[PDB]
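Data first, discussion second: the structure below is written as structure tokens.
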Amino acid sequence: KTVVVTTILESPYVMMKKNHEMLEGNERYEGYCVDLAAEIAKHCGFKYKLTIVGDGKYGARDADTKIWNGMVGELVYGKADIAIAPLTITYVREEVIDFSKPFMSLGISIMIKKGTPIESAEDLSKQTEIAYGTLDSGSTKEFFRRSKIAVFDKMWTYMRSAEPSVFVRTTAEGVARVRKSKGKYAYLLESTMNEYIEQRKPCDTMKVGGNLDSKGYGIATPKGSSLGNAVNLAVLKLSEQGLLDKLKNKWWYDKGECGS
Amino acid sequence: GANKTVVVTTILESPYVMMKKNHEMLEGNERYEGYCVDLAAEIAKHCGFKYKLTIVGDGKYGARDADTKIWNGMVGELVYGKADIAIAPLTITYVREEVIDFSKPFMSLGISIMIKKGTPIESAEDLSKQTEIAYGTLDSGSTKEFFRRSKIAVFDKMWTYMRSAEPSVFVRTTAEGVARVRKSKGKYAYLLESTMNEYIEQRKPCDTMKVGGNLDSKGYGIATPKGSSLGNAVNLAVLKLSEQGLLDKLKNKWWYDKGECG
Ligand SMILES: NS(=O)(=O)c1cc2c(cc1Cl)N[C@H]([C@H]1C[C@H]3C=C[C@@H]1C3)NS2(=O)=O
Ligand SMILES: NS(=O)(=O)c1cc2c(cc1Cl)N[C@H]([C@H]1C[C@H]3C=C[C@@H]1C3)NS2(=O)=O
Ligand SMILES: N[C@@H](CCC(=O)O)C(=O)O
Ligand SMILES: N[C@@H](CCC(=O)O)C(=O)O
């Protein structure tokens, strides 16, 4: 009767606690999605086990093999019962798994090292001194691959062939590359993650320009799962009680690392 | 059996659905224009159905009578089988999700405050702590329900005031709330969704303003009767339109490209 929850190590959604090496089970983890999982499970009346996605990916389909990886794959192949993570609701994913109504909003955004002479996606597209890229196997990369918008398509044509690769395996790696590249790398990532990082030491990154799109994260289940309806009602209840706002404010709490 | 014209319930709410110039000699869907008229056409094209737009009889979004338990508005038209789909600025809410289905959201919004320019109010907390400036909400919608149900002290305080205020602070249509702000010399502020607030802020005579942050975060969805076979296709259409940038293009068309305040 224990529900297997797939999730991903992505700050501040799920993180290893201090001294996690002597902790066990769900108690190893903390973050927005850890708290959200506990609330959803309490409303729906299930016990659950948090498991970190084996390949560390969000989820994409191989164009050749047509196999899904990441958390999406874990749902598709029956390795998990639900995904509670910053997993973007997208058309291609909705074809193969189910999603609750969104629990958090986001859009694609630009992270620069402070002082970089870039204010917009158009700015990035019109120059070549500053490299830029995205996370592999997620919705941001797919956004650029599929876009017919001139600026974004121009960006895709550059990124897909850039050498060395501009794509990164994890968000943390993209952020580190921004920080270490003396302004010669900018990173395309979701506004949620960008805003979290902007408020943390060493306070050397910034979000610039407006978001490139508008969407949300949802709780995902395998297609047709019996859990979907109750999970969706739980998201709506927690939204209306103000609990999703409370969790956002807790995990994006500003302690004054950067200025004050 | 054979394909049948889909009955779309919607609501006369600018800029979502508006009477076209020359509507008096036009018929059918041609009578109307706006964001939801354009959206209905896109959804119908993707889903492969023909449709008839029909303005909700009672002019309401939809609420359940606590005594009779009967649903009114667009929600009621779906619940009682009078319409096949609602394409409107209909907020996705818990109590509605219990009785009808919703697509993923096609537009985001939150509850917000509209003031007459110069009114000395910056926030809901400001409103809650004074009595000179009256304030209220639309009837039979999700904003009123938000206040009625809130356990948050500031919003509970606001509800306690609004529910007993005399004369009534509630309005039957958004237009009536706008008029009350505009005519009340700063002595009425209106609680309404950020989408509608931002639209009115760009309409003549450019005398209103949104103040403060939004009080919540939610969205509008396309609604169908519970279990309707149309829901899956409509949902995928919303996602496709979102990802193609078409929803953003439509919002800019109806809010900003046509703005009258500069
Ligand atoms: N401010 S936020 O992104 O934490 C945030 C974002 C969102 C919230 C709640 C919060 Cl707190 N709830 C809404 C939900 C309420 C109902 C209407 C839309 C979904 C279903 N989703 S959202 O609009 O994606
Ligand atoms: N900027 S906006 O409100 O017009 C707006 C708002 C939204 C859009 C698209 C636009 Cl253009 N799409 C998203 C949709 C994309 C997928 C993720 C959440 C739903 C399904 N809904 S939203 O986040 O409510
Ligand atoms: N939230 C994204 C991952 C991050 C990104 O692609 O920027 C997804 O669900 O794929
Ligand atoms: N969108 C709201 C109506 C507007 C409001 O309540 O402010 C609803 O679906 O009830």
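With ideal geometry, Cβ positions are generated from the backbone for all residues, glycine too; neighbour counts draw on all protein chains shown. All of this is worked out from the model, or read from it or from the source named; nothing here is a laboratory result.
A single entry from A:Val175, A:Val231, A:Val235 fulfils the requirement of being more than 14 Å from chain B (Cβ to nearest Cβ) and either small (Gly, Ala, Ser) or closer than 29 Å to B:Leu239 by Cβ (or both): A:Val175.
Free of Cβ contacts under 8 Å to residues at least 24 places away in the same chain and either within 16 Å of ligand 1 (Cβ to nearest atom) or crowded, with 16+ Cβ neighbours inside 10 Å (or both): is that true of B:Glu243 in this structure?
Details: free of Cβ contacts under 8 Å to residues at least 24 places away in the same chain: yes; either within 16 Å of ligand 1 (Cβ to nearest atom) or crowded, with 16+ Cβ neighbours inside 10 Å (or both): yes.
Taking the combined requirement at face value, the residue satisfies it.
Selection within region A:105-129: residues that are part of a loop (DSSP other than H, G, I, E, B) and of a type in the set (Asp, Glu). The member of this set that is nearest to ligand 1 (Cβ to nearest atom) is A:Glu119. Looking across region A:49-87, the residues that are in contact (Cβ under 8 Å) with a residue 40 or more places away in the chain, among the β-branched types (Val, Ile, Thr) and farther than 17 Å from A:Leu9 by Cβ come down to A:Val76, A:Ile82.
Just to check your reading of the model, which residue among A:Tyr132, A:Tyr91 is among the aromatic types (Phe, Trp, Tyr) and touching an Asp or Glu at 6+ places or on another chain (Cβ under 8 Å)?
Working: A:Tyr132 fails: touching an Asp or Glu at 6+ places or on another chain (Cβ under 8 Å).
Being among the aromatic types (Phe, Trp, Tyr) and touching an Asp or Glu at 6+ places or on another chain (Cβ under 8 Å) holds for just one of A:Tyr132, A:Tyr91, which is A:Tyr91.
Can you find even one residue in region A:55-69 that is assigned by CATH to the domain that holds A:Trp251 and within 16 Å of ligand 2 (Cβ to nearest atom)? Yes. Only one of the numbered conditions (1) within 16 Å of ligand 3 (Cβ to nearest atom); (2) more than 14 Å from chain A (Cβ to nearest Cβ) is not met by B:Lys253, and that is (1).
Residues that are crowded, with 21+ Cβ neighbours inside 10 Å and within 14 Å of chain B (Cβ to nearest Cβ) were ranked within region A:218-228; the one that is farthest from A:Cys33 (Cα to Cα) is A:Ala220.
If the condition is being surrounded by fewer than 18 Cβ atoms within 10 Å (Cβ to Cβ), farther than 17 Å from A:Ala63 by Cβ and touching a helix residue (DSSP H, G or I) at 6+ places or on another chain (Cβ under 8 Å), then region A:138-152 contributes only A:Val151.
For the subset of region A:81-92 comprising residues that are within 15 Å of the chain's Cα centre (by Cα) and within 13 Å of chain B (Cβ to nearest Cβ), which member is nearest to ligand 3 (Cβ to nearest atom)? I'd like the intermediate steps shown before the answer.
Initially, region A:81-92 is screened for residues within 15 Å of the chain's Cα centre (by Cα), giving A:83-90.
Narrowing further to those that are within 13 Å of chain B (Cβ to nearest Cβ): A:88-90.
Details: A:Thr88: 4, A:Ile89: 8, A:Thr90: 7 Å.
Residue satisfying both the conditions and the ranking: A:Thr88.
Checking the structure you have, find out if any residue of region B:66-80 is within 16 Å of ligand 1 (Cβ to nearest atom), in a helix (DSSP H, G or I) and within 14 Å of chain A (Cβ to nearest Cβ). No, region B:66-80 contains no residue that is within 16 Å of ligand 1 (Cβ to nearest atom), in a helix (DSSP H, G or I) and within 14 Å of chain A (Cβ to nearest Cβ).
Looking only at region B:88-113, residues that are charged (D, E, K, R) and free of Cβ contacts under 8 Å to residues at least 60 places away in the same chain come to 2 in all.
For region B:89-104, state whether one or more residues are assigned to a loop (DSSP other than H, G, I, E, B) and more than 16 Å from ligand 1 (Cβ to nearest atom).
As a first pass, look at region B:89-104 and keep what is assigned to a loop (DSSP other than H, G, I, E, B): B:89-90, B:92-93, B:98-99, B:103-104.
Keeping just the survivors that are more than 16 Å from ligand 1 (Cβ to nearest atom) gives none.
Checked region B:89-104: no residue is assigned to a loop (DSSP other than H, G, I, E, B) and more than 16 Å from ligand 1 (Cβ to nearest atom).
Across region A:130-155, which residue is nearest to A:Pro117 (Cα to Cα) among those that are in a helix (DSSP H, G or I) and more than 14 Å from chain B (Cβ to nearest Cβ)?
A:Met155
For region B:156-172, filtered to residues that are hydrophobic (A, V, I, L, M, F, W, C) and in a helix (DSSP H, G or I), the residue that is farthest from the other protein chains (Cβ to nearest Cβ) is B:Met162. What single numbered condition from (1) in the same structural domain as B:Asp58 (by CATH); (2) in contact with a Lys or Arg (Cβ under 7 Å, 6 or more places away or on another chain) fails to hold for B:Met209? Exception for B:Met209: condition (1).
Looking at A:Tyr132, is it aromatic (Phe, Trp, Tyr), touching a strand residue (DSSP E or B) at 6+ places or on another chain (Cβ under 6 Å) and more than 12 Å from ligand 3 (Cβ to nearest atom)? Taking the combined requirement at face value, the residue satisfies it.
If we scan region B:46-64, do we find a residue that is within 16 Å of ligand 1 (Cβ to nearest atom) and under 22 Å from B:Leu230 (Cβ atoms)? Yes, region B:46-64 contains a residue that is within 16 Å of ligand 1 (Cβ to nearest atom) and under 22 Å from B:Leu230 (Cβ atoms). Applying a threshold of 7 Å to beta carbon distances and a minimum spacing of six or more residues, or different chains, the list of pairs starting in region A:134-151 at a residue that is in the same structural domain as A:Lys57 (by CATH) and ending at one that is within 16 Å of ligand 2 (Cβ to nearest atom) and assigned to a helix (DSSP H, G or I) is empty. I'd like to know if region A:203-218 contains one or more residues that are under 22 Å from B:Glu98 (Cβ atoms) and within 11 Å of ligand 1 (Cβ to nearest atom). Scanning region A:203-218 turns up at least one residue that is under 22 Å from B:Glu98 (Cβ atoms) and within 11 Å of ligand 1 (Cβ to nearest atom).
The set of residues in region B:24-49 that are outside any helix (DSSP H, G or I), in contact with a helix residue (DSSP H, G or I) (Cβ under 7 Å, 6 or more places away or on another chain) and either on the phi < 0 side of the Ramachandran plot or of a type in the set (A, V, I, L, M, F, W, C) (or both) is empty. Can we say A:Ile40 is more than 30 Å from B:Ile92 (Cβ to Cβ), surrounded by 19 or more Cβ atoms within 10 Å (Cβ to Cβ), of a type in the set (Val, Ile, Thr) and over 16 Å from the mean Cα position of the chain (by Cα)? So A:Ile40 fails the test. Given the criteria over 29 Å from A:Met206 (Cα atoms), of a type in the set (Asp, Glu), within 16 Å of ligand 3 (Cβ to nearest atom) and within 13 Å of chain B (Cβ to nearest Cβ), does A:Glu95 qualify? So A:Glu95 fits the description; yes. Would you confirm whether or not region B:94-110 contains a residue that is of a type in the set (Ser, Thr, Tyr), within 16 Å of ligand 4 (Cβ to nearest atom) and surrounded by fewer than 23 Cβ atoms within 10 Å (Cβ to Cβ)? Yes: region B:94-110 contains one or more residues that are of a type in the set (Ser, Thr, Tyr), within 16 Å of ligand 4 (Cβ to nearest atom) and surrounded by fewer than 23 Cβ atoms within 10 Å (Cβ to Cβ).
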